[PDB]
**Student:** 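Starting off with a structure, shown below.
Labels below follow one simple rule: chain letters A, B, ... track the order of the sequence lines, proteins then strands, and each chain is numbered from 1.
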Amino acid sequence: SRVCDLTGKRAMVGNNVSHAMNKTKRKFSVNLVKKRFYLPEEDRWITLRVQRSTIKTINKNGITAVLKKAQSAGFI
Amino acid sequence: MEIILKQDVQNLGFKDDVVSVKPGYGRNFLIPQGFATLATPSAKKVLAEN
Amino acid sequence: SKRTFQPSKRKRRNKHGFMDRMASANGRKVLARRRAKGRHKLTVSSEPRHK
Amino acid sequence: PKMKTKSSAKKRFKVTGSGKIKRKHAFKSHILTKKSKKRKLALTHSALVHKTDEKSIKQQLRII
RNA sequence: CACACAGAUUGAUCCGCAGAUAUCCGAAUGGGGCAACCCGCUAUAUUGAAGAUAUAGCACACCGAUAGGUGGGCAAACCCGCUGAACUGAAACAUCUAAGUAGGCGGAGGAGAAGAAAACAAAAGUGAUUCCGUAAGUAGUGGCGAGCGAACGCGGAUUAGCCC
RNA sequence: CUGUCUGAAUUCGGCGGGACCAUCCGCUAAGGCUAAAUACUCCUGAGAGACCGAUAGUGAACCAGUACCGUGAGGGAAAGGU
RNA sequence: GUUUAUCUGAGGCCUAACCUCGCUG
């Protein structure tokens, strides 16, 4: 669904409390982006639907390490 | 970021030197074109300076 | 005048048949409810065909 | 189950030593500049719940 | 049951346990379909050749490198996770309650969850989790309205600690 | 606990003691497993009731989720005694 | 009053993320 492929981050359910404390159901969505990452150790291109928060940890560690860590736990 | 240049950059230059660029310039251009490598676990792996 | 029930033994099976109940996810719960209650006659497909 | 004590009545209405209920006075909130000092001095000491309201106050405080 | 016909001290009938056979539909799994039907392919044999037959193998997903293994679905309650109302009460009603209830979805076991301190406590101390009685309708919370409501400590059931 | 953004040090370190600060006290997060005491009955074996006795007790003591009603989901009886 | 290394407010240009089209990359 609308979940990250490398972390499994799902959406969140919450409220939409107004000024008069009126509450209504609401969905906090994940900032998913469809990037095209280049594998430097294999010269290959993959198309994932990762989030902007895990793009940050990709830039922090490396795409290979993030992929090898997401391979465990069943892509979650 | 913290990249290690491989061939040359117009404004960066001086290959084999740690450079700090904006995240999105090394990931979309330098990494795919082979000009730099994101090397955090390599500051010690760069032993060619010996 | 014309009544509300105009029988057709193919329009009946295409709407209430066993293969029409078993095709849906929520139509498959009708079978479970009827089997739990103990209905001797399941969906209209239980009516015998002409021999 | 257990009878719950009404909070509005438990925050007020302190019970006295033997059989009475002690409470405060009203009207001493925000317009005290035009009331005589006699009224403001009388409305300062604590009062007792009247016998006509004692049954309701005791039912609220869960002392039947 | 009745007119009968048969079996059975060579030991029947009957009971307990362990086996064989087990048509068609149905997850239905060779394709399809209007459930209990229709129509096939490859190997053999039957006039074998047309019309047809008898037996075996023919769905999907994963992994096993390959001979092959695992799972499809159904079904009481308990338990877990994801979602999730309104009537009602407030003698009206929107905050609140009803209620994380009813309902919907997925998985596992005889139980499940939790479980071994980045914990309580207070100048004295206890030492994993779970459940029962008090603490207590107390502290507190609340258009401070309706209402909601702990914890510390104490007494018991059981007791177990270990691996990266 | 996080939907989004930002983002620390390694033991004279880090967290907690109900805003917050200093001192004392306790613990050592960002890895995992773990029986017992606890909840239930589609069932199984044994046994009870100051429980019902055929308009009662399960809808159903009897060819009952049956006969009948509806297109369907579904609703749903009466009927014991020589 | 200017210079050097940063922040920010606006425009222009480049392609290398992102979008689209034509032949099959």
**Student:** Locate the shortest heavy-atom distance separating A/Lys35 from B/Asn28; write the atom from each residue and the value.
**Tutor:**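 Looks like NZ-OD1, 3.7 Å.
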**Student:** Where do C/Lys15 and C/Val44 land on the side-chain contact (heavy atoms from CB on, under 4.5 Å) test, with the steps shown first?
**Tutor:** CA-CA 10 Å; C/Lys15 299 180 174 179; C/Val44 309; over 6 Å; no
**Student:** Under 4.5 Å side-chain heavy-atom separation, chaining through any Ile, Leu, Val, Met, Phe, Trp or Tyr, what else clusters with D/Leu41? Say none if it is isolated.
**Tutor:**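 Members alongside D/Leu41: none; it stands by itself.
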**Student:** What's the gap between F/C68 and F/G59 when it is taken at their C1' atoms, as a whole Å value?
**Tutor:**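 The answer is 15 Å between these two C1' atoms.
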**Student:** If we define stacking as six-membered ring centres under 5.5 angstrom apart and planes under 30 degrees, are the neighbouring bases E/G7 and E/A8 stacked?
**Tutor:**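 Stacked, because both conditions hold for the base rings of E/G7 and E/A8.
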**Student:** For nucleotides F/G7 and F/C24, find the distance between their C1' atoms and express it as a whole number of Å.
**Tutor:**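 Each nucleotide's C1' atom is 32 Å from the other's.
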**Student:** Rounding to a whole Å, what distance do you find between A/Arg10:CZ and E/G106:P?
**Tutor:**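 A/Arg10 atom CZ is separated from E/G106 atom P by 15 Å.
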**Student:** Pair A/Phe37, A/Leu67 - check side-chain contact (heavy atoms from CB on, under 4.5 Å), show working.
**Tutor:** CA-CA 11 Å; A/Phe37 294 96; A/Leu67 281 202; over 6 Å; no
**Student:** List for me each residue that meets ring pair (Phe, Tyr, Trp, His ring centres under 6.0 Å) alongside B/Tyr25, sequence neighbours excluded, and say none if there are none.
**Tutor:**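 Result, ring pair (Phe, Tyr, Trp, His ring centres under 6.0 Å) vs B/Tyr25: none returned.
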**Student:** Both distances under 3.5 Å and Watson-Crick or G-U wobble geometry: does that hold for E/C93 with E/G143?
**Tutor:**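 Indeed, E/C93 forms a Watson-Crick or wobble pair with E/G143, both distances being under 3.5 Å.
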**Student:** If you assign A/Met12 and C/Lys9 each to the RNA chain E nucleotide with the nearest heavy atom, which residue ends up on the more 5' nucleotide?
**Tutor:**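 Its nucleotide being nearer the 5' end, the pick is C/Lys9.
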**Student:** My understanding is that a pair needs two contacts under 3.5 Å, Watson-Crick or G-U wobble. By that rule, which nucleotide pairs with E/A54?
**Tutor:**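 Base partner found: E/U44.
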**Student:** Apart from C/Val30 itself, what residues make up its hydrophobic cluster when side-chain heavy atoms of I, L, V, M, F, W and Y under 4.5 Å apart count as a link, directly or indirectly?
**Tutor:**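 Its cluster mates, by chain and number: none.
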**Student:** Rounded at 0.5 Å granularity, tell me how far NZ in A/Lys9 sits from OG in A/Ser53.
**Tutor:**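 Nearest 0.5 Å value for the NZ-OG distance: 3.0 Å.
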**Student:** Starting at atom CE of A/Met21, determine the distance to atom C1' of E/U97, rounded to an integer number of angstrom.
**Tutor:**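 From A/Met21 CE to E/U97 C1': 17 Å.
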**Student:** Partners of D/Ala26 by side chain to side chain contact (heavy atoms under 4.5 Å, CB included), sequence neighbours excluded?
**Tutor:**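 Applying side chain to side chain contact (heavy atoms under 4.5 Å, CB included) to D/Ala26 gives none.
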**Student:** Out of curiosity, C/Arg21 CZ to C/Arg34 CZ, how far, rounded to the nearest 0.5 Å?
**Tutor:**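 Here the rounded value is 8.5 Å.
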**Student:** If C1'-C2'-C3'-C4' is positive it's north, if negative it's south, so which is the sugar of F/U44?
**Tutor:**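 Pucker of F/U44: north.
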**Student:** In Watson-Crick or G-U wobble terms, both distances under 3.5 Å, what is the partner of E/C148?
**Tutor:**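 Answer to the pairing question: E/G140, which forms a Watson-Crick or G-U pair with E/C148.
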**Student:** How many Å lie between CZ on C/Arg35 and P on F/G65, as a whole number?
**Tutor:**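 The answer, rounded to whole Å, is 17 Å.
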**Student:** Which atoms form the tightest heavy-atom contact between D/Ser8 and D/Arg12, and what is the distance?
**Tutor:**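 What the structure gives for the nearest pair is O-NH1, 2.7 Å.
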**Student:** Answer with yes or no whether the hydrophobic clustering places A/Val33 together with A/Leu6; edges join I, L, V, M, F, W, Y residues whose side-chain heavy atoms lie under 4.5 Å apart.
**Tutor:**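 Yes: a chain of side-chain contacts under 4.5 Å links A/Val33 to A/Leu6.
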**Student:** Assign each of A/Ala20 and A/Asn15 to its nearest nucleotide of RNA chain E by heavy atoms, then name whichever residue's nucleotide is nearer the 5' end.
**Tutor:**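 It is A/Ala20 whose nearest nucleotide is closer to the 5' end.
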**Student:** For the side chain of A/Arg26 and the backbone of A/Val17, is there at least one donor-acceptor N/O pair under 3.5 Å apart?
**Tutor:**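 Checked: no pair found.
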**Student:** Does D/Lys4 contact E/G149 through a side-chain donor or acceptor facing the base, at a distance under 3.5 Å?
**Tutor:**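 Donor-acceptor pair under 3.5 Å: yes.
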**Student:** OP1, OP2 of F/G7 versus side-chain N and O of A/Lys60: anything below 4.0 Å?
**Tutor:**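 Negative; the distance criterion is not met.
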**Student:** Which ILVMFWY residues can you reach from D/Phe27 by hopping between side chains whose heavy atoms are under 4.5 Å apart?
**Tutor:**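 D/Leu43, which link up through side-chain heavy atoms under 4.5 Å apart, make up the rest of the cluster.
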**Student:** With respect to the phosphate group of F/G3, does any side-chain polar atom (N or O) of A/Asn31 fall under 4.0 Å of OP1 or OP2?
**Tutor:**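 Negative; the distance criterion is not met.
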**Student:** What are the two closest heavy atoms between A/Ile58 and B/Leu38, and how far apart are they?
**Tutor:**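 Taking A/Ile58 first and B/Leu38 second, the nearest heavy atoms are O-CD2, 3.8 Å.
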**Student:** Is there a side-chain contact (heavy atoms from CB on, under 4.5 Å) between A/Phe28 and A/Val13 once you walk through the steps?
**Tutor:** CA-CA 6 Å; A/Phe28 294 73; A/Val13 302; over 6 Å; no
**Student:** Using the torsion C1'-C2'-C3'-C4', state whether the ribose or deoxyribose of E/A122 falls on the north (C3'-endo) or south (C2'-endo) side.
**Tutor:**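 With a negative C1'-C2'-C3'-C4' torsion, E/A122 is south.
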**Student:** Taking the P atom of each, how far is E/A54 from E/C24, in whole Å?
**Tutor:**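 Here E/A54 and E/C24 have their P atoms 12 Å from each other.
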**Student:** Looking only at atom P, what distance separates E/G84 and E/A113, rounded to whole Å?
**Tutor:**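 Roughly 26 Å separates the two P atoms.
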**Student:** Quick one: C/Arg49 CZ to E/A36 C1', roughly how many Å, whole number?
**Tutor:**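 Taking atom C1' of E/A36 as the reference, CZ of C/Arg49 is at 10 Å.
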**Student:** Grab the NZ-P distance between A/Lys23 and E/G84 for me, whole Å please.
**Tutor:**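 One finds 14 Å between P of E/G84 and NZ of A/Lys23, rounded.
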**Student:** When the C1' atoms of E/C82 and E/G107 are considered, how many whole Å apart are they?
**Tutor:**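 So the two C1' atoms sit 12 Å from each other.
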**Student:** Wobble or Watson-Crick, both distances short of 3.5 angstrom: do F/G26 and F/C15 pair?
**Tutor:**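 They are paired, because both relevant distances stay under 3.5 Å.
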**Student:** Between protein and nucleotides 150-155 of chain E, what N or O pairs are separated by less than 3.5 Å?
**Tutor:**
none

**Student:** Mind checking if C/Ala32 touches a base, just sugar-phosphate, or nothing, with heavy atoms under 4.0 Å?
**Tutor:**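 Counting heavy atoms under 4.0 Å across all strands, the contact made by C/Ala32 is with sugar-phosphate only.
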**Student:** Below 3.5 Å between N/O atoms, which protein atoms pair up with nucleotides 139-144 of chain E? Just atom names and distances, please.
**Tutor:**
unit_1, atom_1, unit_2, atom_2, d
E/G140, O6, D/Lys10, NZ, 3.1
E/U141, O4, D/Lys11, NZ, 3.2
E/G142, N7, D/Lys11, NZ, 3.4
E/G142, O6, D/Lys11, NZ, 2.4
E/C144, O2, D/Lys11, NZ, 2.3

**Student:** Could you tell me how far apart D/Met3 (CE) and E/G147 (P) are, to the nearest whole angstrom?
**Tutor:**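 Atom CE in D/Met3 sits about 14 Å away from atom P in E/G147.
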**Student:** Are E/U130 and E/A157 base-paired in the Watson-Crick or G-U wobble sense, both distances less than 3.5 Å?
**Tutor:**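 Pair flag for E/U130 and E/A157 is true.
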**Student:** Listing time: all N or O pairs from protein to nucleotides 27-33 of chain E that are below 3.5 Å?
**Tutor:**
none

**Student:** Is there a donor-acceptor contact under 3.5 Å from the side chain of A/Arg49 to the main chain of A/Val3?
**Tutor:**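 Here the side-chain-to-backbone pair does not exist.
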**Student:** What is the separation between atom CZ on D/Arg62 and atom P on E/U138, rounded to the nearest whole Å?
**Tutor:**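 Nearest whole value for this atom pair: 11 Å.
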**Student:** What integer distance in Å separates A/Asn22:CG from E/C93:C1'?
**Tutor:**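 After rounding, the gap between these two atoms is 12 Å.
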**Student:** Return the 5'-most residue of the pair C/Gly38, A/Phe28 with respect to RNA chain F, ranking by each residue's nearest nucleotide.
**Tutor:**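 Of the two residues, A/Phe28 wins.
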**Student:** Any strand counts, and the cut-off is 3.5 Å on both contacts for Watson-Crick or G-U wobble. Which nucleotide pairs with G/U6?
**Tutor:**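 Check on G/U6: unpaired, no WC or wobble geometry under 3.5 Å.
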**Student:** Suppose the criterion is side-chain hydrogen bond (donor to acceptor under 3.5 Å, both in side chains): which pairs have a residue in residues 25-43 of chain D, not counting sequence neighbours?
**Tutor:**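 Qualifying pairs, neighbours excluded: D/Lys28-D/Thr44.
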**Student:** Using the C1' atom as the point on both nucleotides, what is the distance between F/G81 and F/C62, in whole Å?
**Tutor:**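 To the nearest whole Å, 12 Å.
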**Student:** Is E/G81 base-paired with E/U29, counting Watson-Crick or G-U wobble geometry with both distances under 3.5 Å?
**Tutor:**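 E/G81 does not match E/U29 under the WC/wobble rule.
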**Student:** Just by protein heavy atoms under 4.0 Å, how would nucleotides 67-76 of chain F read 5' to 3' in B, S and -?
**Tutor:** ---BBSSBBB
**Student:** How would you summarise protein contacts on nucleotides 12-19 of chain G per nucleotide, using B for base, S for sugar-phosphate only and - for none, with heavy-atom distances below 4.0 Å?
**Tutor:** ----BSS-
**Student:** Can E/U13 be described as syn, meaning its chi torsion is within 90° of 0, or is it anti?
**Tutor:**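 Here E/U13 takes the anti form, which means its glycosidic angle is more than 90° from 0.
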**Student:** Supply the members, apart from D/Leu32, of the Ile/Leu/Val/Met/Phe/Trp/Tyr cluster built from side-chain contacts under 4.5 Å; use none for a lone residue.
**Tutor:**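 Reading the cluster by chain and number, D/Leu32 sits alone, since nothing else belongs.
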**Student:** May I ask you to evaluate whether D/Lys6 reaches the phosphate of E/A146, defined as a side-chain N or O under 4.0 Å from OP1 or OP2?
**Tutor:**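 The answer is yes; a side-chain N or O of D/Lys6 sits under 4.0 Å from OP1 or OP2.
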